[PDB]
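Chains, contacts and geometry: an overview
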Amino acid sequence: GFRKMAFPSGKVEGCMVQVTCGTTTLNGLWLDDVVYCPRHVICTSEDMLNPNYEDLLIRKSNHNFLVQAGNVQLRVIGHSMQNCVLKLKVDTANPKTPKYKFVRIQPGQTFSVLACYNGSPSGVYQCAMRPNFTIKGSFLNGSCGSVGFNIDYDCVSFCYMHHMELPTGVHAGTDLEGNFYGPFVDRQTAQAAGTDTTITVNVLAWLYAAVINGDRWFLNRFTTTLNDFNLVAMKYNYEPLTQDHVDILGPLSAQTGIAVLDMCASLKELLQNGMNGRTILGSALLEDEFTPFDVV
Amino acid sequence: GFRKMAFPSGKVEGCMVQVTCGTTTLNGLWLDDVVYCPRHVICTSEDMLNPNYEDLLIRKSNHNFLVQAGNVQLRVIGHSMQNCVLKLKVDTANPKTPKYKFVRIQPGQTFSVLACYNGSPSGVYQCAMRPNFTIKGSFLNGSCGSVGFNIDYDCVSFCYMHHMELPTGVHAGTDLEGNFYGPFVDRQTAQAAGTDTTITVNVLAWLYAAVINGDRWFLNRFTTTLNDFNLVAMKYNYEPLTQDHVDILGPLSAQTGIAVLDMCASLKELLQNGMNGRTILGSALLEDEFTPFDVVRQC
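Rules used throughout
- Residues numbered from 1 in each chain as written, not as in the entry; some residues may be left out.
- Chains lettered and ligands numbered in written order.
- Heavy atoms only, no water.
- Salt bridge = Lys/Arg side-chain N within 4 Å of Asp/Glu carboxyl O.
- Helix = DSSP H or I, 4+ residues; strand = E, 2+ residues; numbered from the N terminus.
- Buried < 20%, exposed > 50% of the residue type's maximum accessible area, 1.4 Å probe, protein only.
- Disulfide = S-S within 2.5 Å.
- Pairing = 2+ DSSP bridges.
- Axes fitted to C-alpha atoms, helices over the stretch in contact; angles between N-to-C directions.
- Expected span 1.5 Å × (residues − 1).
- Contact = heavy atoms within 4.5 Å.

- X-ray crystallography is the method the PDB entry states for this structure, with the resolution given as 2.25 Å.

Okay, here's the thing in structure tokens:
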């Protein structure tokens, strides 16, 4: 918990391509002989109020789509839709295609984002899917989109594709089968995310991290109960805690000797009172974007 | 300036190898037909207090060094020391060598770090060189080193190579010509970094970013002198502002309508009042790891 690290992006950098239809250019993902991108790329400024993606797409032809892989143009030989992602079939398969799978994550899980600006991968950052199903991303100077992923050995797990900025600085998107995370639609219309909350089990995992790293000043002699803790949590805008969360933290409790409900008592008192001038793990903020697995 | 973003690491990943000497294995950088790595790889555990690097190196021959680029073994055909870096000549140039250059940075400047854990690249993060010439990196689960860079257009600027964790959590290292940043040496003797101060010019550039994104609540009607600002800033462990910092921010004060010394007056009030509970650019802390250059790119 020293610093929020992202996975190295190299395996993903060679899958990014630019996709143009009309005036709209944005980022696509090129795997085997298929390019994936948000289906809203076929829309024009006027289509976006309330489009019929079915209709507009049947009126589209292969030569309407310009796909650039660097300075190499890819010829589109087919297209289909799968929920909110358009699949463009291309003449050539990507020789840089890594071992990969598509997965869907849950709120509270973390991943790395390779962000597009000005038509190329330009930034990488680590983040978490919020409980309101948004991502607190960087959108400055707009964007050309982004892809979220994890690396598990040689295998890349793609878990997120960006579709839109929300009125707040946050982002919403889909998994790679085009299913949205959260209660959003890919139209131009009033949409606001639900209330965000702090991800409690990650905060706990992060305090476990500090104790391992020697920061121990917040421990106290007391315990609490799930029910007593959860009533305090809801008051402070923190997610409830379940027996599953307790189970998942069990390794950290057995390694450290601090029971989970004993550490919840520490977290309970940190809410009500605060850090004063002491810091945890060199940070004076409560971090909730480190998962248990991340602390390892 | 919402998220601290790092540069995509791929051009650097193709350059990381693994140098072994005796029982020590750590990360090296393979550019053209040279491998660069910390000279202390030739050190026995006994030698770390008072190592005689010239004595230790004259006693090595080329096949003492084991260089592995993933699965391939590279063959060492010569070696030389250049300050605190070992240069290992190998018989095959790296076919993945990017356009690159070696630059020495100054404190306050930012760069991305590709961190080696368990013999391979495994994490990437963005940081600044602190004014005491250390990095608040991340040291855990058996580091094998790291390499710092910026990417501009398509050229990689390599600026940092990690050598040691200091007894604090911070890390210290050299540029790629082997000169240490700061007053450190590559021996395990008592070394302590000077006080870490806040990089005043980066906070100001951040604040300008926040005005540009429409946050204005911290602004006040006052202005200050440079010498009065610096007198107050020092009592909070903020670096002093120089005239060069003022000029460098000029672009932002033009775009924004707020003079530099106007914005300093607002920073003075923030330090005196705290943020209450409010936030700037989403942050509840004053952020000092974005440079004016970083800020003028996004804004």
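The rest of the description comes next.
**Considering the pattern of salt bridges**
Residues and elements named next belong to chain A.
- Across all of its chains, the model carries 23 salt bridges over all chains by this definition.
- Put simply, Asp33 and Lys89 hold a salt bridge, and the shortest N to O gap is 3.1 Å. Of this pair, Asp33 sits in the loop between β2 (24-31) and β3 (34-38) while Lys89 is found in strand β7 (residues 85-90), placing the two residues 56 residues apart along the sequence.
- For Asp33, a relative accessible area of 25% translates into the label partly exposed.
- Accessibility expressed as a relative area gives 36% for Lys89, which makes it partly exposed.

**Side note on the state of the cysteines**
All names here are of chain B.
- Enumeration according to the criterion identifies two disulfides over all chains in this entry.
- In this model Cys116 forms its disulfide with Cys144; the gap between the sulfur atoms is 2.1 Å. The chirality of the disulfide connecting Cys116 with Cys144 is left-handed, given an S-S dihedral of about -110 degrees. A residue pair is termed long-range when its members are at least 10 positions apart, and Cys116 in strand β9 (residues 110-117) and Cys144 in strand β11 (residues 143-152) qualify at 28 residues. A single burial state applies to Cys116 and to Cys144, both of which are buried.
- Left unpaired, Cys37 is separated from the closest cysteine sulfur, that of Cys21, by 8.7 Å.

**Describing the sheet that holds strand β6 (residues 76-82) of chain B**
Residues and elements named next belong to chain B.
- Strand order in the open sheet formed by seven strands is β5-β4-β1-β2-β3-β7-β6, and the pairing between neighbours is antiparallel. Whereas interior strands pair on both sides, the edge strands pair on one side only; in this sheet they are β5 (72-74) and β6. This sheet shows a mean twist of 30 degrees between the axes of neighbouring strands, independent of strand direction.
- Here strand β2 (residues 24-31) pairs with strand β3 (residues 34-38) via three bridges, running antiparallel. Residue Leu29 lies in a different strand from β3, and its bridge partner there is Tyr36.

**Quick word on helix α6 (residues 260-273) of chain B**
Residue and element names in this part refer to chain B.
- In this model, α6 (14 residues) spans 20 Å end to end at C-alpha, consistent with the 20 Å of a helix rising 1.5 Å per residue.
- Of all the residues in α6, the buried ones are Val260, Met263, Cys264, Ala265, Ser266, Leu267, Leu270 and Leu271.
- Here the buried face of α6 lies against α3 (200-212), α4 (226-234) and α5 (243-256).
- Positive phi shows up at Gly274, right after α6, with a value of about 80 degrees.

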